[PDB]
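# sequence? don't have it. structure:
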């Protein structure tokens, strides 16, 4: 599947916001 990270308040360059991960946490997944 795709790679995703649960980051605090931001997503890294290239990561799309897939969903919310927590209150202060975003669920970001690299475009590539």
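Thanks, I have it. Numbers count the residues shown, from 1 in each chain.

# next one: the residue lying closest to residue 27 once chain neighbours are set aside from residue 7, what distance?
Closest residue in space to residue 27, ignoring its immediate chain neighbours: residue 21 at 3.9 Å, by Cβ to Cβ, 6 or more residues apart in numbering. (C-beta placed from N, C-alpha, C; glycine too.) As judged by Cβ to Cβ, to the nearest Å, residue 21 and residue 7 stand 8 Å apart.

# can you check residue 27 too?
8 Å.

# any common contacting residues for those two?
Counting by Cβ atoms under 8 Å, 6 or more residues apart in numbering, the contacts common to residue 27 and residue 7 are residue 21.

# secondary structure class for residue 13?
coil (DSSP: H, G, I helix; E, B strand; the rest coil).

# can you get me a residue count around it?
If you count neighbours by other Cβ atoms under 10 Å, residue 13 ends up with 7.

# cool, the one 3 residues further on as well?
Residue 16: 12 surrounding residues under other Cβ under 10 Å.

# now the one 4 residues further on
Around residue 20 there are 11 other residues, counting by other Cβ under 10 Å.

# and what of residue 15?
Residue 15: 19 surrounding residues under other Cβ under 10 Å.

# partners of the spatially most central residue of the chain in the sheet?
When Cα atoms, centre = their mean is applied to the chain, the residue found nearest the centroid is residue 28 (1.0 Å). Following DSSP bridges, residue 28 is listed with bridge partners residue 5, residue 17.

# contact partners for it?
Listed by Cβ under 8 Å, 6+ apart, the contact partners of residue 28 are 4-7, 10-12, 15-18.

# if you rank these by neighbours, which is first?
Of the contacts of residue 28, with other Cβ under 10 Å as the count, residue 15 tops at 19 neighbours.

# what residues does that residue make contact with?
5, 7, 28-31.

# which two among these are spaced furthest apart?
7 and 31 (14.8 Å; Cβ to Cβ).

# name the element residue 26 belongs to?
strand 25-30 (DSSP states H and E).

# tell me how far that strand lies from the chain's centre.
Taking Cα atoms, centre = their mean, to the nearest Å, one finds the center of strand 25-30 at 1 Å from the center of the full chain.

# understood, closing this out.
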